[PDB]
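Okay, so here's the structure we're looking at.
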Amino acid sequence: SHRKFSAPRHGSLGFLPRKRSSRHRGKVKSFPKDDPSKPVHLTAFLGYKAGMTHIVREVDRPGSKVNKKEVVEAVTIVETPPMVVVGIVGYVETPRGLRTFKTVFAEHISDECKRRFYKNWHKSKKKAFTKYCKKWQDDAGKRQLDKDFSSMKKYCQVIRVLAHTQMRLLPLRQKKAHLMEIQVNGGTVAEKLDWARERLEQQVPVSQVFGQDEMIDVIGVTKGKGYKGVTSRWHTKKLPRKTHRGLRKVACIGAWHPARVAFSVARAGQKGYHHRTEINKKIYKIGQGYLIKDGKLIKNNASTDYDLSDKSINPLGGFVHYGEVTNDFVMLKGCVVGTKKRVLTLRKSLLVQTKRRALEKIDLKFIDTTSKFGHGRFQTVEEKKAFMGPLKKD
Amino acid sequence: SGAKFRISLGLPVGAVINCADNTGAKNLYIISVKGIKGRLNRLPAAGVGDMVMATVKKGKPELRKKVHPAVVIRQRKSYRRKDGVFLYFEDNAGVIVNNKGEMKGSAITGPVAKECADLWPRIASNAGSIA
Amino acid sequence: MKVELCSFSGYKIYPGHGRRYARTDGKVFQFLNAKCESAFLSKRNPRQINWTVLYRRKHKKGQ
RNA sequence: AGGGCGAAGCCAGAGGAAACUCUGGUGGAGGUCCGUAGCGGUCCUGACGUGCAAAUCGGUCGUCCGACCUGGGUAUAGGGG
RNA sequence: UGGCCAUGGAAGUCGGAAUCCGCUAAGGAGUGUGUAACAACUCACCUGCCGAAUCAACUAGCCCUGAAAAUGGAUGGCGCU
RNA sequence: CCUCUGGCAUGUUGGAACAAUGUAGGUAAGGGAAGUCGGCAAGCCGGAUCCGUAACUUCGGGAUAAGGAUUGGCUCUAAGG
RNA sequence: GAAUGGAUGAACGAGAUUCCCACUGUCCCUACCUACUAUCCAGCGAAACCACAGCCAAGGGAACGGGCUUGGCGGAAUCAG
RNA sequence: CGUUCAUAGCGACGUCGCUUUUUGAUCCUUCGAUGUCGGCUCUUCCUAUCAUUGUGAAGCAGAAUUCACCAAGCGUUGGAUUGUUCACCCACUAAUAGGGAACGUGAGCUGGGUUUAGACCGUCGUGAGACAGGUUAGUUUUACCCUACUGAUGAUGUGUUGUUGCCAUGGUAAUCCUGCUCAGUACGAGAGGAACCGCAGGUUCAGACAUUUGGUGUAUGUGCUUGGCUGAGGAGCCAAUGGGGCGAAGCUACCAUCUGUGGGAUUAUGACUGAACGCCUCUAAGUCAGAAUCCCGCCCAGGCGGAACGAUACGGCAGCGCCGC
RNA sequence: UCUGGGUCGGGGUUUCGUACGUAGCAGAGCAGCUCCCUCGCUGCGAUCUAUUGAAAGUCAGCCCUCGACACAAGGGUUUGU
Ligand SMILES: [Mg+2]
Ligand SMILES: [Mg+2]
Ligand SMILES: [Mg+2]
Ligand SMILES: [Mg+2]
Ligand SMILES: [Mg+2]
Ligand SMILES: [Mg+2]
Ligand SMILES: [Mg+2]
Ligand SMILES: [Mg+2]
Ligand SMILES: [Mg+2]
Ligand SMILES: [Mg+2]
Ligand SMILES: [Mg+2]
Ligand SMILES: [Mg+2]
Ligand SMILES: [Mg+2]
Ligand SMILES: [Mg+2]
Ligand SMILES: [Mg+2]
Ligand SMILES: [Mg+2]
Ligand SMILES: [Mg+2]
Ligand SMILES: [Mg+2]
Ligand SMILES: [Mg+2]
Ligand SMILES: [Mg+2]
Ligand SMILES: [Mg+2]
Ligand SMILES: [Mg+2]
Ligand SMILES: [Mg+2]
Ligand SMILES: [Mg+2]
Ligand SMILES: [Mg+2]
Ligand SMILES: [Mg+2]
Ligand SMILES: [Mg+2]
Ligand SMILES: [Mg+2]
Ligand SMILES: [Mg+2]
Ligand SMILES: [Mg+2]
Ligand SMILES: [Mg+2]
Ligand SMILES: [Mg+2]
Ligand SMILES: [Mg+2]
Ligand SMILES: [Mg+2]
Ligand SMILES: [Mg+2]
């Protein structure tokens, strides 16, 4: 018989094999369509989820009840120290797909990057790209290099730069810097390639990719939760108290007579550590890192035009389970995928953004900087020292 | 013009919020919440500012033994305002009302939540304190 | 962003944090955290409780 | 075990013209109540269900001075007890 | 020619018995529209133009409509004009 | 419930982890039986002292009816041989 | 329907119902924690069951096939569920 | 019948069908047993479409509407009584459409009901006993095998190894509503009373997350407190987590917060040019618009499928890469 | 050898709510002795004040140290165009 009282089914099939993702670094499954017209640029970046916090802002959507009313708002800090371009890699269209065609690597490559290429660095002699870099200083090699670049000019269509992180500049344990292919979207391929050939071995900061009040897509791996039962992993009803063989289950897997259990039926398995591409996360603040002209410039982070203090986005006692954000960072609206410390791919949108909400200009009023390691009540240490007065530790 | 925003709604069907207008009713047995499509097994729930059908369980015998519309005015379940302040109220409370939003009483004992005030003007007019 | 003061302890309450209570008498209290609010609801006279501002004013601490 | 209720009888005081009646005690009745050991075995339709167990376990329960519980001895044997 | 029956109004026109003559080139005592009822409109006979076939009613062949079921599916399959 | 006398080595094993399902315990915002055949299960209540105690009644009961208040520590007082 | 007993009825009931107050994760709606498991390891080590075996759709067929026909298809050895 | 008018909507007397969500026939299968109702829970299909998209119809002025077409994408709820299926009532709603899957689903539960044994009542029986007549009490076993599904190591290949990648094939997702505006406007004698574009939000669903609010809390963190025990103080411990305040981190909740997208082919339909048929016709050759559909996109997984690039065993015995013969 | 990661220490953060000791003319009262002084002195005495936002914990999965201490090319199995 039919099921009596209808109800929409639990969980989406558009997300499954609900298995542990192969990758850790979230792949960009599609870069935006390079119109050939606008100038060249990078489409993606690779940051790190340092931590959350508040903002306060005046909102300007006329019509709303909240028009010209200061709301608060959660935000993620994605610490994003500049990447280093160490390669380009040409692709060519085929009817089979999109074959990689030619990879030209830079001359010098950091041990940050070289780390990646060995499973055990302690034990290696660190001999990678050793016979490669010989090419970059002779007649023969330099000529072959030029012919490779020329061939890419003749044949290739898509060009991706290879860059990698500056694992050096982070509070993370790891030294093995994440590489990633990032796509150069812009003018003609010959122009496109000579841009990336100029950028080779060079820094690239965040502000060169992204701008403020820009919708971007966060790509990463979800905070993993191990083996989980069907009630956790699918949010199935619990069965009642009296159930004899347990109650965090599904009762009827399936009907008798497709005499197999279907792929659509809810089973217990891996919950979390899935790959996920959340879209439309507006950049409220691209924040300038600590720098030196005479003394430190720690202010330039979490100070606003209306606050004017001497904060950084770092709260008291740091971001928890992370560190100090001593580098440039972006500040997205809302939560994003994954854990603290997780490497996170940003990506420019796939989508022509023209909604009132997606063109809204964000002027921040106040960044909360109170500790997250307990219930914080002081924004800065100087404020605390004022409020408390002197302590026995003096 | 400007619409409501959702708020943590802690009056499922089965609550007896106290009538906070001068009718003569004391309680308001919420038998249903107006404008709820709802899902299997799920109780219809009315926060503050929500319309509601309401039997009176104790009070005058004019009102007893029939259904009236009503509005929830305070509620003990702490909702979050858009300015990031949570707010709760010490008591759940409402007012007997007609279809078109007018009170059938005349004066509201206690404060009304401004989520209810902005959305219900005739309630707001008879409300002494707001928020 | 009008920073308010905790009706128990005395500390300031920055926009994000804490909770707002609206008693039926028709007066409101702000609580920094639950710790304050619990002492308030259990009727603890904050001048008796050391860590509050009201106590330390009463006992002339600092200065 | 330990508690509760407090029946007859008894004392004093007060009233009553008498009949006798009230008030305060004392007294300690009962297949009386709570409740241990004991005896039992309600519900969880709990645990267990190739068990610890060919009927057990846990909590929860009924009863707990009486048609009470219980050892040993002794009587009744198969269309019979 | 408000023809007759029918008045509730049918002078062609809810219905029904009738149902012919004149002028005629020719128009039914009327196919309908519509009217309380008319009116007004609409539906032969003949021309003017154009330039050889035209049109009706049956009938039977293929094809199509008629033709709605639950795991995904079976001219055996692939396919086939 | 904790202790001495006396007695044991955790009831036929150890180690490392701390997933899902369980078995046995707990806690939960707002609502309060909307759950379910059914308040099943758990929760409320609980001791004592002081008040206060209904209908009904076989006048014995009902009755711990219900419903209330108090309770610690410390320093004293008075009363009982 | 009147000792095949009728009508009653205080007290009593692990007896059968219904409502109210209280109380609660029964539920809205699920969540977190603890212990013993389950898990991995050393040692030890059973049983039921067993024609052969073990991916499907449809067909026909003793009228619901793992095996047959026609199609889809098929990749060692395993772990927790 | 529908004032008039067979056919907007209907439809007698007759007639032709489909359907197996009714009940009968029947007895082919199973009696060395295929667990016998309902509810819960979960998935999937069908359409005979209640709503939602796109449209033709009216006895469609508007509003409300019934009739029909494409169409099953997405929905179709909360309760009172009843073991119920069914039924009815209240309430909300956009709508509270209908079914199938061994009348889906008991090694998934439950066991209220049927349907053993204990008992009561009525009627029947001389009686033992009977009763699709009522009542109450009554044991719901096993998975460690194979498959299927879920996740988890691996597998053959590529000389070995690592890299960054492509993408065959699978899956797939968004939903509907309110308010404001249009506007008391069109339309209508009035009564009443729309719509497109905007704007603001919300339902249900999905995917995350913990800044904040809440929950948990054996950090056994820090107080407080009962009974006991170290002669006491101090410091502690025991009472299967002694109890209780508050509680970091961490999990976690529409109980907190964030995000949810674009094309193509066309269907129904309405059209163009235009014969057939000197006219006329959406059609016959030819052309246009066209959708909750379908296919892709995004999104998830990634093939006994490929890719470019790196490094390729100094040695103490080594072993190999090219080249030519 | 971007000299490193680790243990201990130190900051920061944070949880709780002000440790022990000592002092006090604080302290309801009581006592002993006397100078029977009742602010006599000395003792008992919950609690109170001060020292003291004190004490204590704070990665084990919080943040910074570059202070102290050691320890850091080591082992085993592999694989060939
Ligand atoms: Mg259905
Ligand atoms: Mg059971
Ligand atoms: Mg925190
Ligand atoms: Mg339900
Ligand atoms: Mg049992
Ligand atoms: Mg078992
Ligand atoms: Mg044993
Ligand atoms: Mg033990
Ligand atoms: Mg042992
Ligand atoms: Mg033993
Ligand atoms: Mg609760
Ligand atoms: Mg129900
Ligand atoms: Mg119910
Ligand atoms: Mg019970
Ligand atoms: Mg009683
Ligand atoms: Mg009789
Ligand atoms: Mg007689
Ligand atoms: Mg009889
Ligand atoms: Mg078989
Ligand atoms: Mg007629
Ligand atoms: Mg049959
Ligand atoms: Mg079977
Ligand atoms: Mg159809
Ligand atoms: Mg069945
Ligand atoms: Mg089954
Ligand atoms: Mg069973
Ligand atoms: Mg039964
Ligand atoms: Mg029986
Ligand atoms: Mg096992
Ligand atoms: Mg002590
Ligand atoms: Mg014990
Ligand atoms: Mg057409
Ligand atoms: Mg077209
Ligand atoms: Mg189109
Ligand atoms: Mg695809």
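By order of appearance in the structure tokens: chains A, B, ..., then residues from 1 within every chain, and ligands from 1 in the order shown.
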
Please provide as a compact mmCIF listing (two decimals) with N, CA and C atoms, in the first residue's frame all residues within 7 Å of region 20-28 of chain B, with the sequence filter that same-chain residues fewer than 4 positions apart are discarded (counting only C-alpha atoms (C1' of nucleotides)).
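part-v2.txt, written as the output of this step:
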```txt
# COMPACT_ATOMS: atom_id res chain seq x y z
N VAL B 16 -0.83 27.38 27.11
CA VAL B 16 -1.86 28.25 27.69
C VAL B 16 -1.22 29.54 28.16
N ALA B 54 -7.24 30.45 19.69
CA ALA B 54 -7.08 30.34 21.13
C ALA B 54 -8.39 30.13 21.80
N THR B 55 -8.53 28.96 22.39
CA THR B 55 -9.60 28.70 23.31
C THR B 55 -9.21 29.34 24.64
N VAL B 56 -10.21 29.86 25.35
CA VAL B 56 -10.04 30.33 26.71
C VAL B 56 -10.37 29.17 27.63
N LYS B 57 -9.47 28.87 28.55
CA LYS B 57 -9.64 27.77 29.48
C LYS B 57 -10.21 28.22 30.83
N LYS B 58 -9.86 29.43 31.27
CA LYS B 58 -10.46 30.01 32.47
C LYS B 58 -10.68 31.50 32.31
N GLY B 59 -11.78 31.98 32.89
CA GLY B 59 -12.22 33.37 32.74
C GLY B 59 -13.73 33.47 32.75
N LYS B 60 -14.26 34.48 32.06
CA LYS B 60 -15.71 34.68 32.01
C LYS B 60 -16.38 33.59 31.17
N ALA B 93 2.30 35.38 26.89
CA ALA B 93 1.14 36.22 27.05
C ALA B 93 0.57 36.62 25.71
N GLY B 94 -0.74 36.82 25.67
CA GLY B 94 -1.40 37.25 24.44
C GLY B 94 -2.63 38.09 24.66
N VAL B 95 -3.33 38.37 23.56
CA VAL B 95 -4.59 39.14 23.58
C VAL B 95 -5.61 38.55 22.62
N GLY B 105 -10.77 43.37 23.61
CA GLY B 105 -10.57 44.05 24.88
C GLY B 105 -10.41 45.55 24.70
N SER B 106 -9.50 46.15 25.46
CA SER B 106 -9.28 47.60 25.43
C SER B 106 -7.92 48.10 25.97
N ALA B 107 -7.31 47.37 26.89
CA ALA B 107 -6.07 47.80 27.53
C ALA B 107 -5.19 46.59 27.80
N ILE B 108 -3.90 46.72 27.51
CA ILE B 108 -2.96 45.61 27.63
C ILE B 108 -2.11 45.75 28.89
N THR B 109 -2.35 44.87 29.86
CA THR B 109 -1.46 44.76 31.02
C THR B 109 -0.11 44.21 30.57
```

Practice item. Can you list, as a PyMOL selection string, all residues belonging to region 164-225 of chain A that DSSP tags as strand (DSSP E)? Key: chain A and resi 164+179-185+203-204+215-221

Go ahead and write the selection's residues with N, CA and C atoms as a PDB file, in the first residue's frame.
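And here is the file that came out, again25.pdb:
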```pdb
ATOM      1  N   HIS A 164      51.441  28.323  -5.113  1.00  0.00           N
ATOM      2  CA  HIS A 164      51.424  27.626  -3.845  1.00  0.00           C
ATOM      3  C   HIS A 164      51.492  28.580  -2.694  1.00  0.00           C
ATOM      4  N   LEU A 179      50.168  23.405  -3.165  1.00  0.00           N
ATOM      5  CA  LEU A 179      50.121  23.918  -4.531  1.00  0.00           C
ATOM      6  C   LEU A 179      48.687  23.861  -4.980  1.00  0.00           C
ATOM      7  N   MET A 180      48.437  24.456  -6.137  1.00  0.00           N
ATOM      8  CA  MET A 180      47.113  24.495  -6.717  1.00  0.00           C
ATOM      9  C   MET A 180      47.214  25.123  -8.095  1.00  0.00           C
ATOM     10  N   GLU A 181      46.438  24.598  -9.038  1.00  0.00           N
ATOM     11  CA  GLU A 181      46.304  25.224 -10.343  1.00  0.00           C
ATOM     12  C   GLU A 181      45.223  26.283 -10.270  1.00  0.00           C
ATOM     13  N   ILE A 182      45.538  27.487 -10.745  1.00  0.00           N
ATOM     14  CA  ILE A 182      44.585  28.597 -10.776  1.00  0.00           C
ATOM     15  C   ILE A 182      44.508  29.134 -12.181  1.00  0.00           C
ATOM     16  N   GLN A 183      43.296  29.410 -12.645  1.00  0.00           N
ATOM     17  CA  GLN A 183      43.098  29.726 -14.049  1.00  0.00           C
ATOM     18  C   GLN A 183      43.160  31.216 -14.344  1.00  0.00           C
ATOM     19  N   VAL A 184      43.892  31.533 -15.407  1.00  0.00           N
ATOM     20  CA  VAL A 184      44.097  32.898 -15.850  1.00  0.00           C
ATOM     21  C   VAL A 184      43.012  33.176 -16.862  1.00  0.00           C
ATOM     22  N   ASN A 185      42.119  34.094 -16.522  1.00  0.00           N
ATOM     23  CA  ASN A 185      40.971  34.405 -17.352  1.00  0.00           C
ATOM     24  C   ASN A 185      41.084  35.845 -17.814  1.00  0.00           C
ATOM     25  N   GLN A 203      55.446  36.884  -5.751  1.00  0.00           N
ATOM     26  CA  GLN A 203      54.325  36.908  -4.809  1.00  0.00           C
ATOM     27  C   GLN A 203      53.064  37.275  -5.563  1.00  0.00           C
ATOM     28  N   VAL A 204      51.932  36.811  -5.050  1.00  0.00           N
ATOM     29  CA  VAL A 204      50.636  37.357  -5.421  1.00  0.00           C
ATOM     30  C   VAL A 204      49.807  37.462  -4.147  1.00  0.00           C
ATOM     31  N   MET A 215      30.900  38.796  -3.978  1.00  0.00           N
ATOM     32  CA  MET A 215      30.438  37.438  -3.696  1.00  0.00           C
ATOM     33  C   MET A 215      31.487  36.476  -4.224  1.00  0.00           C
ATOM     34  N   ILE A 216      31.943  35.572  -3.371  1.00  0.00           N
ATOM     35  CA  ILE A 216      32.902  34.555  -3.767  1.00  0.00           C
ATOM     36  C   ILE A 216      32.431  33.220  -3.254  1.00  0.00           C
ATOM     37  N   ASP A 217      32.928  32.164  -3.878  1.00  0.00           N
ATOM     38  CA  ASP A 217      32.538  30.816  -3.521  1.00  0.00           C
ATOM     39  C   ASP A 217      33.672  30.175  -2.739  1.00  0.00           C
ATOM     40  N   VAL A 218      33.338  29.677  -1.552  1.00  0.00           N
ATOM     41  CA  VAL A 218      34.294  29.013  -0.685  1.00  0.00           C
ATOM     42  C   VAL A 218      34.230  27.543  -1.038  1.00  0.00           C
ATOM     43  N   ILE A 219      35.392  26.938  -1.198  1.00  0.00           N
ATOM     44  CA  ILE A 219      35.477  25.544  -1.550  1.00  0.00           C
ATOM     45  C   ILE A 219      36.388  24.876  -0.550  1.00  0.00           C
ATOM     46  N   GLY A 220      35.892  23.826   0.091  1.00  0.00           N
ATOM     47  CA  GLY A 220      36.682  23.127   1.091  1.00  0.00           C
ATOM     48  C   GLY A 220      36.111  21.796   1.497  1.00  0.00           C
ATOM     49  N   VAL A 221      36.778  21.166   2.460  1.00  0.00           N
ATOM     50  CA  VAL A 221      36.317  19.903   3.001  1.00  0.00           C
ATOM     51  C   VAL A 221      35.701  20.135   4.351  1.00  0.00           C
TER      52      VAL A 221
END
```

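You will find atom 1 (Mg, counted along the ligand's line) of ligand 2 at 10.2 Å from CA of residue 246 (chain A).
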
Practice item. Do me a favour and pick out the residues of chain B within 9 Å of chain H, using only C-alpha atoms (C1' of nucleotides), as number ranges by chain. Key: B: 1-10, 13, 31-44, 53, 77-80, 84-86

Go ahead and save the residues from that selection, with N, CA, C and O atoms, as a compact mmCIF listing (two decimals), in the first residue's frame.
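Result file again_38.txt:
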```txt
# COMPACT_ATOMS: atom_id res chain seq x y z
N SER B 1 4.92 47.41 5.19
CA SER B 1 5.96 47.37 4.10
C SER B 1 7.11 46.41 4.44
O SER B 1 7.29 45.39 3.76
N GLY B 2 7.88 46.75 5.48
CA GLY B 2 9.01 45.93 5.92
C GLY B 2 8.51 44.71 6.67
O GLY B 2 7.72 44.83 7.61
N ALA B 3 8.98 43.54 6.26
CA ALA B 3 8.43 42.27 6.73
C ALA B 3 9.18 41.69 7.94
O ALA B 3 10.26 42.15 8.29
N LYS B 4 8.61 40.64 8.52
CA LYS B 4 8.79 40.31 9.94
C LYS B 4 10.16 39.79 10.42
O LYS B 4 10.58 40.14 11.53
N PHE B 5 10.83 38.97 9.61
CA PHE B 5 11.99 38.14 10.04
C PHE B 5 11.58 37.09 11.07
O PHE B 5 10.83 37.39 12.01
N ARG B 6 12.09 35.87 10.92
CA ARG B 6 11.71 34.78 11.83
C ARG B 6 12.34 34.96 13.20
O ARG B 6 13.44 35.51 13.32
N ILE B 7 11.64 34.49 14.23
CA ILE B 7 12.10 34.56 15.61
C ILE B 7 11.76 33.27 16.35
O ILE B 7 10.69 32.69 16.14
N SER B 8 12.68 32.84 17.21
CA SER B 8 12.58 31.55 17.90
C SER B 8 11.25 31.42 18.63
O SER B 8 10.99 32.10 19.62
N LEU B 9 10.43 30.51 18.13
CA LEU B 9 8.99 30.50 18.40
C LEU B 9 8.67 29.39 19.38
O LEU B 9 8.61 28.22 19.01
N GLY B 10 8.48 29.78 20.64
CA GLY B 10 8.34 28.85 21.75
C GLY B 10 6.94 28.76 22.29
O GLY B 10 6.74 28.81 23.50
N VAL B 13 1.41 24.25 19.71
CA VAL B 13 0.00 24.06 19.93
C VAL B 13 -0.17 23.18 21.15
O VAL B 13 0.28 22.05 21.16
N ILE B 31 -4.91 26.55 20.31
CA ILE B 31 -5.27 25.33 19.59
C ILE B 31 -4.68 25.27 18.19
O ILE B 31 -4.68 24.21 17.58
N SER B 32 -4.20 26.41 17.68
CA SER B 32 -3.56 26.45 16.35
C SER B 32 -2.94 27.80 16.03
O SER B 32 -3.39 28.83 16.52
N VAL B 33 -1.93 27.76 15.17
CA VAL B 33 -1.18 28.94 14.78
C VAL B 33 -1.48 29.25 13.32
O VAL B 33 -1.41 28.38 12.46
N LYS B 34 -1.80 30.52 13.07
CA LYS B 34 -2.31 30.92 11.77
C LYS B 34 -1.16 31.12 10.82
O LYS B 34 -0.16 31.75 11.16
N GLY B 35 -1.31 30.56 9.62
CA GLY B 35 -0.32 30.70 8.55
C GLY B 35 0.81 29.72 8.73
O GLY B 35 1.98 30.11 8.70
N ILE B 36 0.46 28.45 8.93
CA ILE B 36 1.43 27.38 9.06
C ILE B 36 1.05 26.25 8.12
O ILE B 36 -0.01 25.63 8.29
N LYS B 37 1.92 25.97 7.16
CA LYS B 37 1.71 24.84 6.26
C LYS B 37 2.11 23.58 7.00
O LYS B 37 1.30 22.66 7.16
N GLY B 38 3.35 23.56 7.46
CA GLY B 38 3.80 22.52 8.37
C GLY B 38 4.12 21.19 7.72
O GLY B 38 3.77 20.94 6.56
N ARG B 39 4.78 20.35 8.50
CA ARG B 39 5.30 19.08 8.06
C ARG B 39 4.78 17.98 8.99
O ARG B 39 4.31 18.26 10.10
N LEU B 40 4.85 16.74 8.51
CA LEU B 40 4.52 15.55 9.28
C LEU B 40 5.09 15.57 10.69
O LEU B 40 6.26 15.91 10.90
N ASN B 41 4.23 15.23 11.65
CA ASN B 41 4.56 15.14 13.08
C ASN B 41 4.86 16.45 13.81
O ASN B 41 4.96 16.44 15.04
N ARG B 42 4.96 17.57 13.08
CA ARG B 42 5.48 18.81 13.64
C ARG B 42 4.38 19.70 14.20
O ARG B 42 3.39 19.97 13.52
N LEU B 43 4.58 20.18 15.42
CA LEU B 43 3.61 21.04 16.08
C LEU B 43 3.71 22.46 15.50
O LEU B 43 4.82 22.97 15.32
N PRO B 44 2.56 23.08 15.16
CA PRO B 44 2.52 24.50 14.74
C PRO B 44 2.90 25.42 15.89
O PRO B 44 2.34 25.28 16.97
N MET B 53 -5.11 30.90 16.95
CA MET B 53 -6.43 30.56 17.45
C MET B 53 -6.25 30.13 18.87
O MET B 53 -5.24 29.52 19.21
N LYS B 77 10.35 32.27 25.60
CA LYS B 77 11.42 31.75 24.74
C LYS B 77 12.16 32.91 24.14
O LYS B 77 11.56 33.78 23.50
N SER B 78 13.48 32.90 24.32
CA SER B 78 14.30 34.03 23.95
C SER B 78 14.55 34.04 22.45
O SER B 78 15.19 33.14 21.92
N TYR B 79 14.02 35.06 21.79
CA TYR B 79 14.32 35.25 20.38
C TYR B 79 15.51 36.17 20.23
O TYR B 79 15.95 36.78 21.20
N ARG B 80 16.02 36.23 19.00
CA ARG B 80 17.13 37.10 18.63
C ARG B 80 16.62 38.19 17.71
O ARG B 80 15.99 37.90 16.70
N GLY B 84 21.25 41.79 17.09
CA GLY B 84 22.10 40.85 17.83
C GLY B 84 21.90 40.88 19.32
O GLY B 84 22.82 40.52 20.06
N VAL B 85 20.72 41.31 19.77
CA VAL B 85 20.35 41.22 21.18
C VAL B 85 19.27 40.16 21.31
O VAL B 85 18.24 40.21 20.63
N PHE B 86 19.53 39.18 22.16
CA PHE B 86 18.51 38.22 22.50
C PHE B 86 17.66 38.86 23.57
O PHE B 86 18.11 39.76 24.29
```

Point to revise | Given 10 Å and only C-alpha atoms (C1' of nucleotides) and all ligand atoms, residues near ligand 28 as number ranges by chain | key: H: 115-119, 136-138

Review point. Which protein, DNA or RNA residues have an atom within 10 Å of ligand 32, counting only C-alpha atoms (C1' of nucleotides) and all ligand atoms, as a list in words?
Key: residues 269, 270, 271, 282 and 283 of chain H

Those same residues - C-alpha atoms (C1' of nucleotides) - I'd like them written as a PDB file, in the first residue's frame.
```pdb
ATOM      1  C1'   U H 269      -0.982  25.875 -26.977  1.00  0.00           C
ATOM      2  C1'   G H 270      -1.221  30.360 -30.111  1.00  0.00           C
ATOM      3  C1'   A H 271       0.974  32.105 -34.590  1.00  0.00           C
ATOM      4  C1'   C H 282      -0.688  26.592 -38.208  1.00  0.00           C
ATOM      5  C1'   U H 283       0.944  22.017 -42.495  1.00  0.00           C
TER       6        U H 283
END
```

Review point. How would you write, as a count of residues only, the set of residues no farther than 12 Å from ligand 17 when counting only C-alpha atoms (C1' of nucleotides) and all ligand atoms?
Key: 6

Review point. Neighbours of ligand 3 within 6 Å, counting only C-alpha atoms (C1' of nucleotides) and all ligand atoms, as a PyMOL selection string?
Key: chain A and resi 372-374

Output the selection as a PDB file, in the first residue's frame - N, CA, C and O atoms for each residue.
```
ATOM      1  N   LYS A 372      37.571  34.480  22.532  1.00  0.00           N
ATOM      2  CA  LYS A 372      36.694  33.360  22.229  1.00  0.00           C
ATOM      3  C   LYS A 372      37.004  32.160  23.121  1.00  0.00           C
ATOM      4  O   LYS A 372      36.363  31.117  22.982  1.00  0.00           O
ATOM      5  N   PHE A 373      37.962  32.305  24.038  1.00  0.00           N
ATOM      6  CA  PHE A 373      38.417  31.181  24.846  1.00  0.00           C
ATOM      7  C   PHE A 373      37.760  31.189  26.216  1.00  0.00           C
ATOM      8  O   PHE A 373      38.432  31.109  27.246  1.00  0.00           O
ATOM      9  N   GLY A 374      36.432  31.215  26.198  1.00  0.00           N
ATOM     10  CA  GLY A 374      35.614  31.534  27.365  1.00  0.00           C
ATOM     11  C   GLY A 374      34.729  32.707  27.010  1.00  0.00           C
ATOM     12  O   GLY A 374      34.816  33.243  25.901  1.00  0.00           O
TER      13      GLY A 374
END
```

Residues of chain C within 8 Å of chain B, counting only C-alpha atoms, what are they? List them as a JSON list (two decimals) with C-alpha atoms, in the first residue's frame.
```json
[["chain", "number", "residue", "atom", "x", "y", "z"],
["C", 15, "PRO", "CA", 26.62, 44.63, 20.91],
["C", 16, "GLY", "CA", 26.99, 40.92, 20.28],
["C", 17, "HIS", "CA", 26.93, 39.38, 23.71],
["C", 18, "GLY", "CA", 24.56, 38.69, 26.52],
["C", 19, "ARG", "CA", 20.81, 38.67, 26.89],
["C", 20, "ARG", "CA", 17.88, 41.05, 27.55],
["C", 21, "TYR", "CA", 15.17, 40.43, 30.13],
["C", 22, "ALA", "CA", 11.79, 42.13, 30.13],
["C", 23, "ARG", "CA", 9.89, 41.70, 33.40],
["C", 24, "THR", "CA", 6.09, 42.14, 33.45],
["C", 25, "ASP", "CA", 6.30, 45.06, 35.88],
["C", 26, "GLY", "CA", 7.55, 46.73, 32.69]]
```

Review point. Residues within 10 Å of ligand 22 (only C-alpha atoms (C1' of nucleotides) and all ligand atoms), as a VMD selection string?
Key: chain H and resid 34 to 35 107

Review point. Quick one: residues within 12 Å of ligand 10, with only C-alpha atoms (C1' of nucleotides) and all ligand atoms, as a PyMOL selection string?
Key: (chain D and resi 52) or (chain F and resi 9-12)

Exercise for review: With only C-alpha atoms (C1' of nucleotides) and all ligand atoms counted, collect every polymer residue having an atom within 9 Å of ligand 5; state the result as a PyMOL selection string.
Suggested key: (chain D and resi 44-48) or (chain H and resi 139)

Exercise for review: Using only C-alpha atoms (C1' of nucleotides) and all ligand atoms, find each protein or nucleic acid residue lying at most 10 Å from ligand 21; present the set as a count of residues only.
Suggested key: 4
